[PDB]
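Asker: This structure is in structure tokens; I'll ask about it shortly.
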Amino acid sequence: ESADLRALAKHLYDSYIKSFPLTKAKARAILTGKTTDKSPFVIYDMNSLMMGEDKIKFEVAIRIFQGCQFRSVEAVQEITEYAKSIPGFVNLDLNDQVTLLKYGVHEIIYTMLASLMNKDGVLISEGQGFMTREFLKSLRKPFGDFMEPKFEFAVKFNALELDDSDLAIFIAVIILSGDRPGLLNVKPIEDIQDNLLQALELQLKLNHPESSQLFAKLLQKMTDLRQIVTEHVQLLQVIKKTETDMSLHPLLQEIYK
Amino acid sequence: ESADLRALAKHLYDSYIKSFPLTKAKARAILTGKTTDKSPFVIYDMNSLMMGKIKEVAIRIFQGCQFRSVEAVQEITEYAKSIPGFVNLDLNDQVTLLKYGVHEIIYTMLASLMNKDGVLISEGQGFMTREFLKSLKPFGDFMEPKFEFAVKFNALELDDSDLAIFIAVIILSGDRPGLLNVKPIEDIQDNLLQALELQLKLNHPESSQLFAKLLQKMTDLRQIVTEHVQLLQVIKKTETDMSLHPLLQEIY
Ligand SMILES: O=C(O)[C@H](Oc1cccc(C(F)(F)F)c1)c1ccc(Cl)cc1
């Protein structure tokens with residue numbers, strides 16, 4: 001009944017708060033004035049870049065990309081911590097635990113990145129910086145294009161006006177897919193996702209009573225995530241040929257495929 | 001209220017029955033609700049092919065699939081016309097919705113013709129095995145992704161009355177690129193989504209979160225379609241060079 005599903009919802013939200021520093025709520029408070037204390041240094045061209053390094057401490061195109069990838073790997077750690085708290089997750093076959101994270105983290109990374117973005121740019125270094133979209137778009141060689149798809153998603157995704165309590169459940173749903181390739185035991189995964197889907201449905205009805213079919217519309221966005229991730233990986237294998245200079249982390253090229 | 005959404009559901013189902021000759025129900029009766037009036041002819045290797053009565057083989061098989069797709073597109077177009085509100089949209093947008101919708105719909109309906117072992121062909125008269133397809137240079141792999149989708153998709157045990165609404169949902173996607181007026185499209189999809197939700201609760205009271213699970217499958221359709229196109233342009237360099245058919249590849 002309703003009551004159990006709210007409990008699951010609260011539990012998740014708490015794990016989310018504990019696993020992710022930098023909530024959407026915090027992000028939105030930074031992006032929308034809201035503060036003297038919280039206001040970000042803005043990077044929009046080469047020079048502001050250099051100041052940033054002096055103030056909001058951490059080829060340019062290479063450094064920026066590598067930094068993105070470094071932050072991704074510590075996001076994966078946060079996501080992994082979160083997953084552990086999803087009821088039932090740790091009781092799964094460990095092979096499957098790994099498979100769910102393997103295929104889930106990117107989709108989740110892009111979901112959360114949307115909270116850090118608006119149409120004009122994206123927060124960086126724990127929200128202290130903000131790097132414009134145009135400045136990203138202008139980078140050398142094939143780097144001038146890695147972030148754009150993610151901005152397009154973000155703008156659409158953020159139109160749903162979800163809050164952290166909505167996102168915590170949606171993220172759990174993503175992890176517990178069961179369509180992931182190479183899963184040994186799909187049934188227990190679906191059973192868990194089933195509950196998550198109910199928790200989410202109820203959560204959205206309560207938290208967005210005015211919003212017709214938000215549940216549906218949110219699930220439809222998973223199509224968009226998947227396309228982003230496949231674009232990213234294919235982009236990646238180019239910035240690996242050409243940039244044989246480039247290296248990837250022990251959490252990453254394992255995930256990639 | 002419920003009542004209006006059932007009306008929309010019935011209306012759609014009726015249009016579906018009129019627009020598509022071979023229903024899933026019929027297909028299922030042929031594939032296995034057997035003891036039938038007529039079993040399909042089975043193609044499992046080169047020879048059964050030839051009798052199939054009813055120019056590299058791999059080429060002909062692919063081209064045939066494409067010819068059948070094009071007449072499916074006509075059926076789908078007829079169906080769309082009956083979706084309430086569709087014909088009232090900007091015509092540019094009507095075209096855009098069909099342009100980007102038909103493939104997703106084609107793979108959805110193809111699933112009704114498939115099981116893990118193969119696929120019905122020529123109005124259900126034939127059946128071509130998966131292993132025979134799998135064995136065809138790059139042709140031996142075009143159908144495999146679609147079998148994987150089909151098996152998963154068909155696990156949802158949807159019937160024609162479920163599929164009719166789902167298909168409408170697909171068409172009325174306002175994330176298609178180049179749409180002029182997204183709002184009316186979403187408004188229509190919104191209703192369709194309700195009709196579907198109710199439809200699945202009533203037609204599958206046993207199955208928890210079927211709505212959710214069905215929408216999740218759209219992720220799979222979209223990947224399939226992008227794989228297909230990104231396979232297709234490789235066909236462009238095998239053997240369609242010839243020009244004993246300028247009007248055909250024009251049509252197809
Ligand atoms: O010939 C057929 O009956 C069938 O055609 C198709 C092809 C695509 C789509 C559809 C349908 F409209 F039924 F979805 C039928 C078919 C299916 C697979 C292949 Cl490899 C060749 C031909």
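Here the Cβ is made from the backbone with ideal geometry for all residues, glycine too, and neighbour counts use every protein chain on show. Each value in this text was obtained by applying a stated rule to the coordinates, not by laboratory testing.
Asker: Step by step: find N for the protein assembly as shown, compute 2.2 N^0.38 Å, then divide the Cα radius of gyration by it. What's the final number?
Answerer: Numbers: Rg = 24.8 Å, N = 509, 2.2 N^0.38 = 23.5 Å.
Working it through for the protein assembly as shown, the quotient is 1.06.
Asker: So which GluC sites (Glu not before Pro) in the stretch A:163-257 pass both tests, a DSSP loop state and at most 15 other Cβ atoms within 10 Å of the Cβ? Let's see the in-between values first.
Answerer: On the way: sites: A:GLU190, A:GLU201, A:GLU210, A:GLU231, A:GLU243, A:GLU254; in loops: A:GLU210, A:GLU243.
Loop-located and lightly packed - A:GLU210.
Asker: Just to confirm a number: summing +1 for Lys and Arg and -1 for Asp and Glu over residues other than A:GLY129 whose beta-carbon lies under 15 angstrom from that of A:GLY129, what do you get?
Answerer: On the way: positive: A:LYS26, A:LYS38, A:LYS55, A:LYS57, A:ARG63, A:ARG71, A:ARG133; negative: A:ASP45, A:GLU53, A:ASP54, A:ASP120, A:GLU126.
It works out to a net charge of +2.
Asker: Could you sort the peptides A:115-123, A:38-46 by per-residue average Cβ neighbour count (10 Å cutoff), highest mean leading? List each step's numbers first, then the result.
Answerer: Working: A:115-123: 19.3, A:38-46: 15.7.
Descending mean neighbour count gives A:115-123, A:38-46.
Asker: Within a Cβ distance under 11 Å of A:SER211, other residues only, what is the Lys/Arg minus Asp/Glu net charge? Before the final figure, lay out the partial values.
Answerer: Details: positive: A:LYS205, A:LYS217; negative: A:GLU161, A:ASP166, A:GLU210, B:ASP190.
Neighbourhood net charge equals -2.
Asker: Oh, and also: Pop out the ³J(HN,Hα) list for the stretch A:235-240 in order, Karplus 6.51 cos²θ - 1.76 cosθ + 1.60 with θ = phi - 60°, rounded to Hz; leave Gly and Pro as x.
Answerer: Residue by residue, the stretch A:235-240 yields 5, 3, 4, 7, 7, 6 Hz.
Asker: Still on this structure: Please list the non-local residues whose amide H lies under 5 Å from the amide H of B:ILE43, H modeled 1.01 Å from N, same-chain partners needing a gap of 5 or more.
Answerer: Placed amide hydrogens put B:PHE127, B:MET128, B:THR129 under 5 Å from B:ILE43.
Asker: Sorted from largest down, what three extents in whole angstroms do the Cα atoms of chain B have along their principal axes?
Answerer: Taking the Cα atoms of chain B, the three principal extents are 57, 46, 28 Å.
Asker: For the stretch A:134-164, run through the trypsin sites (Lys or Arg not before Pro) and keep only the ones in DSSP coil with at most 16 other Cβ atoms within 10 Å of their Cβ. Don't jump to the answer; show the numbers that get you there.
Answerer: Values: sites: A:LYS137, A:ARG140, A:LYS150, A:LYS156; in loops: A:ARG140.
In loop regions of the stretch A:134-164 (DSSP not H, G, I, E or B), the sparsely surrounded trypsin sites (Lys or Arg not before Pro) are A:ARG140.
Asker: To continue, here is another question. List the GluC sites (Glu not before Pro) within the stretch B:178-252 that DSSP assigns to loop and that have no more than 14 neighbouring Cβ atoms inside 10 Å.
Answerer: Within the stretch B:178-252, the qualifying GluC sites (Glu not before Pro) (loop, at most 14 other Cβ atoms within 10 Å) are B:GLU206, B:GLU239.
Asker: How many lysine pairs in the stretch B:1-62, separated by 8 or more positions in sequence or lying on different chains, have Cα atoms less than 27 Å apart?
Answerer: The result is 14.
Asker: Shielding of B:216-227 by partners, i.e. mean partner chain Cβ atoms within 10 Å per residue? Spell out each step's value before the answer.
Answerer: Values: counts 10, 2, 5, 12, 3, 1, 6, 4, 0, 0, 4, 1.
Per-residue shielding by partner chains comes out at 4.
Asker: While we're looking at this one, here's another question. Quick one: 3J(HN,Hα) in Hz for the stretch A:158-175, Karplus 6.51/-1.76/1.60 with θ = phi - 60°, rounded, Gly and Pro as x.
Answerer: 5, 5, 6, 6, 7, 10, 3, 5, 5, 5, 4, 6, 3, 5, 4, 3, 4, 5
Asker: If we count every other residue with Cβ under 14 angstrom of A:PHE41's Cβ, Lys/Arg +1 and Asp/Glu -1, where does the sum land? Display every interim value, and only then the final one.
Answerer: Numbers: positive: A:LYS38, A:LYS55, A:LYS57; negative: A:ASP37, A:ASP45, A:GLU53, A:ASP54, A:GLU126.
So the environment of A:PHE41 carries a net charge of -2.
Asker: What residues have an amide H closer than 5 Å to that of A:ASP120, excluding those fewer than 5 places away on the same chain, when H is modeled at 1.01 Å from N in the peptide plane?
Answerer: none
Asker: Using a 10 Å cut-off on Cβ to Cβ distances, tally the other chain neighbours for every residue of B:207-214 and report the average as a whole number.
Answerer: Working: counts 1, 6, 9, 0, 5, 12, 7, 1.
If you average over the peptide's residues, the count of other-chain Cβ atoms is 5.
Asker: Peptide A:174-185: average number of partner chain Cβ atoms within 10 Å per residue?
Answerer: Numbers: counts 0, 0, 0, 2, 3, 7, 0, 1, 0, 0, 0, 0.
Taking all residues of A:174-185 together, the mean is 1.
Asker: May I ask what percent, to the nearest 5, of DSSP beta bridges between residues of chain B are antiparallel? Walk me through the numbers before you get to the answer.
Answerer: Working: 6 of 9 bridges.
Taking every DSSP beta bridge within chain B, about 65 percent pair in antiparallel fashion.
Asker: Here is a follow-up. Which percentage, to the nearest 5, of the DSSP beta bridges contained in the protein assembly as shown is antiparallel? All intermediate terms of the calculation are to be shown ahead of the outcome.
Answerer: Working: 13 of 20 bridges.
Counting DSSP beta bridges with both partners in the protein assembly as shown, the antiparallel share is about 65 percent.
Asker: Here is a further query. Step through the residues of the stretch A:7-12 one at a time and calculate ³J(HN,Hα) from phi using the Karplus curve (6.51 cos²θ - 1.76 cosθ + 1.60, θ = phi - 60°), rounding each to whole Hz and writing x for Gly and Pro.
Answerer: With the stated coefficients, the stretch A:7-12 comes to 4, 4, 4, 5, 3, 4 Hz.
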